[PDB]
Each structure stands twice: as C-alpha cells, then as structure tokens.
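Undergrad: Here it is: the structure, laid out below.
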Amino acid sequence: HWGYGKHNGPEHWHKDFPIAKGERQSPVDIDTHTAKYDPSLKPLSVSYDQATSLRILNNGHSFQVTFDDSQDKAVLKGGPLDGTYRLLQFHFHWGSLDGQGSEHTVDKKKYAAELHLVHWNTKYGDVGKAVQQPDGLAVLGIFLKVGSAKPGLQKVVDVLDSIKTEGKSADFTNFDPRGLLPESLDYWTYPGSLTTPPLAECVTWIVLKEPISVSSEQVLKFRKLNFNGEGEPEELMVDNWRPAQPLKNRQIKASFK
Ligand SMILES: [Zn+2]
C-alpha cells in the first residue's frame with residue numbers, strides 16, 4: 001500500500017494511480033521569473049471567522065484537522081476561483097531536516113514544511129463528487145520556514161502526543177485556522193492535482209508567497225509522529241512530501257507585481 005518509503009513512495013504511485021503521470025499533476029516548482037503577473041486576478045477572500053473544527057487525526061501519511069463542512073462557515077472565494085469553496089480539512093507535509101519538506105518549491109527552494117488547507121466547490125454538493133471535477137477543489141498552500149514560533153500553531157503541536165500512530169484521533173474543537181495565515185495574501189495559482197493518491201486532477205492551487213515561521217521545537221513535534229499503527233515497528237512520519245512534477249502545458253500566474 002502507498003507511502004513515502006523506497007518501496008512504496010511517489011516513484012511507485014503511478015502503478016495503482018496512472019494519473020500520476022498526467023497532464024496537470026502537483027506539486028510543481030514555481031519559477032518566480034516565469035510566473036506572469038495577472039492584473040485580472042481578484043484578491044483572495046479567506047473567510048474563516050465561523051470555522052468549526054471537529055477532530056485531529058493521524059491518517060498514516062499526515063495529520064489532519066477536520067472541519068464541519070455541512071454549511072458555508074469557513075469559505076474560500078475570489079482570487080482565481082469562481083464560486084464558493086468550503087474548508088474541509090488542513091494538514092502538513094514536512095521533512096526529516098529543515099532543508100526539505102515542502103511539496104511546492106520556489107526557484108527550486110525547498111521549505112521545511114507546507115500547510116495545505118483543502119476546500120471543495122459547493123456547486124458539487126460533497127467532496128466525493130468534487131474530486132471528480134476539474135474545478136472541484138481549491139487548496140491554499142502555505143510554506144513554513146524555521147525561525148520564531150507561530151503562536152497559532154501551538155495548540156496543534158501540543159496534541160500530537162495523543163495521535164502518535166496511524167488511526168488515532170482526538171477531539172479538536174474551537175481551533176481557529178486564521179492563526180496559521182501569513183500577513184500577505186499575495187499568491188501564485190495554477191491548475192493541478194491532489195498530491196496524495198488518488199492524485200485526482202481536480203485542484204485549483206493557490207500558493208501564498210509569504211511563508212509563516214515556526215520554531216524548531218514546533219517542527220520537531222511533527223517529526224515524532226509515526227507512519228505506522230500502534231504495535232508496528234516505529235517508522236517516523238518524516239519526508240511525507242511528493243517531489244515537484246512536470247509543469248507540462250501549464251502557466252503559473254502571480255496575483256502581485
Ligand atoms: Zn497536502
């Protein structure tokens with residue numbers, strides 16, 4: 001079954017999911033000098049004031065904070081998007097060391113980690129239907145670098161002890177994802193895919209230019225998580241990132257000059 005190791009990692013995924021070699025796969029390298037400023041792009045609208053978090057969960061490939069998406073509470077709109085996208089969950093990708101971990105790269109630069117806030121288009125009714133559409137999902141990608149602590153992340157970090165292994169989950173209510181956003185909403189955008197199986201080509205990517213800083217102690221707690229279930233040989237959940245994929249016939253647009 002798929003993972004990030006030598007024998008089941010990204011280089012193997014195409015066997016079960018042939019779309020892995022498709023025309024709009026993610027992540028990609030963002031070449032900042034080739035990305036064109038698009039004055040027709042709208043500002044991003046990130047409306048998270050009424051977000052209702054539910055649970056935090058180790059799913060064997062990341063940890064995930066899930067939200068109540070049964071109403072328009074926390075929504076993404078504007079930017080390159082048409083219509084309304086509901087926040088379902090967020091998760092992270094990170095490295096074994098600070099010099100790798102992000103999925104997107106910027107001029108080949110790898111960040112220590114990458115946050116993905118996953119939203120689905122309300123015109124398709126549920127996320128299962130949305131992932132079967134070219135404009136079904138919008139994922140907001142935020143880079144993490146190591147420096148000063150991110151206060152808004154600490155409540156997440158402090159509960160990771162309770163979900164060490166695959167399949168563990170905990171109540172995680174009243175978490176405010178606004179505390180994970182950088183100051184600027186300047187972004188790059190391109191059409192792409194889920195970066196984990198099934199790798200469905202259903203995502204409008206919105207990747208913020210400004211990283212957030214997290215502390216070494218915060219990211220160290222990420223690295224104590226396990227891929228494995230309880231009672232199995234301990235394998236640290238680290239380097240759970242897919243590398244950059246061919247850009248092919250796509251253009252990355254910038255919201256900023
Ligand atoms: Zn992700």
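Letters A, B, ... go to the chains of the structure tokens in the order shown; residues in each chain start at 1; ligands are counted from 1 in the same order.
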Excluding residue A:159 and its own-chain neighbours fewer than 4 positions away, which residues fall within 9 Å of it when counting only C-alpha atoms? Please give them as a PyMOL selection string.

TA: chain A and resi 56+154-155+163+170+172

Undergrad: Write out as a Markdown table the residues of chain A that have any atom within 9 Å of an atom of ligand 1, one row each with the nearest atom pair and its distance in Å to one decimal, counting only C-alpha atoms and all ligand atoms, sorted by chain and then rising number.

TA:
| residue | atom | partner | partner_atom_place_in_ligand_line | distance |
| --- | --- | --- | --- | --- |
| A:62 | CA | ligand 1 | 1 (Zn) | 8.2 |
| A:90 | CA | ligand 1 | 1 (Zn) | 7.9 |
| A:91 | CA | ligand 1 | 1 (Zn) | 6.1 |
| A:92 | CA | ligand 1 | 1 (Zn) | 6.0 |
| A:93 | CA | ligand 1 | 1 (Zn) | 6.3 |
| A:103 | CA | ligand 1 | 1 (Zn) | 8.0 |
| A:114 | CA | ligand 1 | 1 (Zn) | 7.7 |
| A:115 | CA | ligand 1 | 1 (Zn) | 6.9 |
| A:116 | CA | ligand 1 | 1 (Zn) | 5.0 |
| A:117 | CA | ligand 1 | 1 (Zn) | 8.0 |
| A:118 | CA | ligand 1 | 1 (Zn) | 8.1 |
| A:139 | CA | ligand 1 | 1 (Zn) | 8.4 |
| A:141 | CA | ligand 1 | 1 (Zn) | 8.2 |
| A:194 | CA | ligand 1 | 1 (Zn) | 7.3 |
| A:195 | CA | ligand 1 | 1 (Zn) | 5.9 |
| A:196 | CA | ligand 1 | 1 (Zn) | 7.0 |
| A:241 | CA | ligand 1 | 1 (Zn) | 8.0 |
| A:242 | CA | ligand 1 | 1 (Zn) | 8.9 |

Undergrad: Write down as a ChimeraX atom specification the residues belonging to stretch 1-222 of chain A that are assigned strand (DSSP E or B) by DSSP computed on the backbone.

TA: /A:29-30,36-37,44-47,53-58,63-67,75-78,85-94,105-106,109,113-121,137-146,169-171,187-192,203-208,212-214

Undergrad: I need the chosen residues saved as a tab-separated table (two decimals), in the first residue's frame, with C-alpha atoms.

TA:
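Once everything was written out, this is result.tsv:
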chain	number	residue	atom	x	y	z
A	29	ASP	CA	8.40	24.13	-9.00
A	30	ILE	CA	7.30	27.76	-9.04
A	36	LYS	CA	3.28	36.18	-15.05
A	37	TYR	CA	1.50	38.88	-13.12
A	44	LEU	CA	-8.32	36.17	-2.30
A	45	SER	CA	-11.28	36.09	0.04
A	46	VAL	CA	-10.47	33.96	3.09
A	47	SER	CA	-13.46	33.96	5.44
A	53	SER	CA	-13.03	22.41	13.77
A	54	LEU	CA	-14.04	18.88	14.78
A	55	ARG	CA	-11.17	16.43	15.11
A	56	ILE	CA	-7.45	15.95	14.67
A	57	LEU	CA	-6.33	12.67	13.12
A	58	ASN	CA	-3.21	10.66	12.19
A	63	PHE	CA	-2.06	14.59	10.50
A	64	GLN	CA	-5.27	16.31	9.62
A	65	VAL	CA	-7.53	18.82	11.35
A	66	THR	CA	-11.09	18.40	10.11
A	67	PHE	CA	-13.91	20.91	9.97
A	75	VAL	CA	-15.04	29.55	2.92
A	76	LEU	CA	-12.54	30.47	0.23
A	77	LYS	CA	-13.58	32.57	-2.76
A	78	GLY	CA	-12.32	35.17	-5.21
A	85	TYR	CA	-15.31	26.66	-1.63
A	86	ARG	CA	-15.85	25.14	1.85
A	87	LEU	CA	-12.94	24.32	4.17
A	88	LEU	CA	-12.92	20.56	4.90
A	89	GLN	CA	-9.51	19.96	6.49
A	90	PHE	CA	-5.92	21.05	6.74
A	91	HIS	CA	-2.73	19.03	7.02
A	92	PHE	CA	1.03	19.35	6.61
A	93	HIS	CA	3.99	17.90	4.74
A	94	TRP	CA	7.42	18.12	6.34
A	105	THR	CA	9.27	24.71	-4.41
A	106	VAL	CA	10.14	28.32	-5.28
A	109	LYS	CA	14.00	26.23	-2.97
A	113	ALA	CA	7.20	22.23	5.60
A	114	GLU	CA	4.00	23.06	3.72
A	115	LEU	CA	0.47	23.59	5.02
A	116	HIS	CA	-2.50	22.63	2.84
A	117	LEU	CA	-5.97	23.99	3.55
A	118	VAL	CA	-8.35	21.91	1.45
A	119	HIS	CA	-11.67	23.35	0.22
A	120	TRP	CA	-14.33	21.93	-2.09
A	121	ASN	CA	-16.64	23.69	-4.55
A	137	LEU	CA	-11.18	21.66	-5.05
A	138	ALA	CA	-9.17	24.72	-4.09
A	139	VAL	CA	-6.14	24.11	-1.94
A	140	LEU	CA	-4.45	27.02	-0.17
A	141	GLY	CA	-0.76	26.20	0.21
A	142	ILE	CA	1.38	27.95	2.83
A	143	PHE	CA	5.13	27.48	3.26
A	144	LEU	CA	6.75	27.00	6.67
A	145	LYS	CA	10.28	28.12	7.48
A	146	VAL	CA	12.08	27.59	10.78
A	169	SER	CA	-7.72	10.76	16.54
A	170	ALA	CA	-8.81	13.30	19.16
A	171	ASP	CA	-11.41	15.97	19.76
A	187	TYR	CA	-0.21	34.18	-4.27
A	188	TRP	CA	0.70	32.05	-7.28
A	189	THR	CA	-2.00	29.98	-8.93
A	190	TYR	CA	-2.10	27.10	-11.41
A	191	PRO	CA	-4.35	24.11	-12.24
A	192	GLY	CA	-3.18	20.88	-10.62
A	203	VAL	CA	-7.44	21.21	-7.75
A	204	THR	CA	-7.00	24.91	-8.32
A	205	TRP	CA	-3.80	25.62	-6.41
A	206	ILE	CA	-3.33	28.88	-4.57
A	207	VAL	CA	0.15	29.08	-3.09
A	208	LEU	CA	1.00	32.03	-0.85
A	212	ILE	CA	4.97	31.55	8.06
A	213	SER	CA	7.74	30.99	10.59
A	214	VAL	CA	7.52	28.10	13.03

Undergrad: Just to confirm, what's the straight-line distance from atom CA of residue A:8 to atom CA of residue A:222 in Å (one decimal)?

TA: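 Taking atom CA of residue A:8 as the start and atom CA of residue A:222 as the end point, the length is 21.4 Å.
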
Undergrad: Hey, can you check how far atom CA of residue A:28 sits from atom CA of residue A:254?

TA: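 Result for atom CA of residue A:28 versus atom CA of residue A:254: 14.5 Å, one decimal.
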
Undergrad: Would you work out the distance separating atom CA of residue A:32 from atom CA of residue A:186, expressed in Å to one decimal?

TA: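 Going from atom CA of residue A:32 over to atom CA of residue A:186 covers 12.7 Å.
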
Undergrad: Residues at most 9 Å from residue A:152, counting only C-alpha atoms, excluding those fewer than 3 positions away in the same chain, as a ChimeraX atom specification?

TA: /A:149,155-156,175-181

Undergrad: Can you spit out the residues from that selection as a short mmCIF file (atom, residue, chain, number, x, y, z; two decimals), in the first residue's frame, using N, CA, C and O atoms?

TA:
data_model
loop_
_atom_site.label_atom_id
_atom_site.label_comp_id
_atom_site.auth_asym_id
_atom_site.auth_seq_id
_atom_site.Cartn_x
_atom_site.Cartn_y
_atom_site.Cartn_z
N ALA A 149 8.57 31.08 16.71
CA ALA A 149 7.38 30.25 16.85
C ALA A 149 6.12 30.91 16.27
O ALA A 149 5.97 32.13 16.28
N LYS A 155 -1.42 25.10 19.66
CA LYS A 155 -2.49 24.22 20.13
C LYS A 155 -2.49 22.90 19.35
O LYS A 155 -2.79 21.85 19.90
N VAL A 156 -2.12 22.97 18.07
CA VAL A 156 -1.95 21.77 17.24
C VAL A 156 -0.77 20.93 17.73
O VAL A 156 -0.89 19.73 17.95
N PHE A 175 -10.62 25.35 17.20
CA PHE A 175 -9.34 25.79 16.66
C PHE A 175 -9.56 26.79 15.54
O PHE A 175 -10.35 26.54 14.62
N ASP A 176 -8.84 27.90 15.60
CA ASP A 176 -9.01 29.00 14.65
C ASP A 176 -7.89 29.00 13.62
O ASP A 176 -6.77 29.39 13.91
N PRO A 177 -8.20 28.59 12.38
CA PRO A 177 -7.13 28.48 11.37
C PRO A 177 -6.62 29.82 10.87
O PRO A 177 -5.64 29.86 10.12
N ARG A 178 -7.27 30.91 11.26
CA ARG A 178 -6.75 32.23 10.92
C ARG A 178 -5.36 32.45 11.52
O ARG A 178 -4.58 33.25 11.02
N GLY A 179 -5.07 31.73 12.60
CA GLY A 179 -3.81 31.89 13.30
C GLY A 179 -2.66 31.22 12.58
O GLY A 179 -1.52 31.26 13.04
N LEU A 180 -2.95 30.61 11.43
CA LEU A 180 -1.92 29.95 10.64
C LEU A 180 -1.56 30.72 9.37
O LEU A 180 -0.72 30.28 8.58
N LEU A 181 -2.20 31.87 9.16
CA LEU A 181 -2.03 32.62 7.91
C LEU A 181 -0.93 33.67 8.04
O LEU A 181 -0.79 34.30 9.09
#

Undergrad: May I ask which of the residues A:211, A:9, A:128, A:22 is the closest one to residue A:239, counting only C-alpha atoms?

TA: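 Among the listed residues, A:9 lies closest to residue A:239.
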
Undergrad: Can you work out which one of A:14, A:51, A:255, A:107 has the shortest atom-to-atom distance to residue A:80, counting only C-alpha atoms?

TA: A:255

Undergrad: Just checking: using only C-alpha atoms, which residue out of A:104, A:42, A:61, A:250 ends up closest to residue A:1?

TA: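 That would be A:61, the residue with the smallest distance to residue A:1.
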
Undergrad: So, with only C-alpha atoms as the atoms that count, which of A:166, A:49, A:235, A:72 lies closest to residue A:96?

TA: A:235
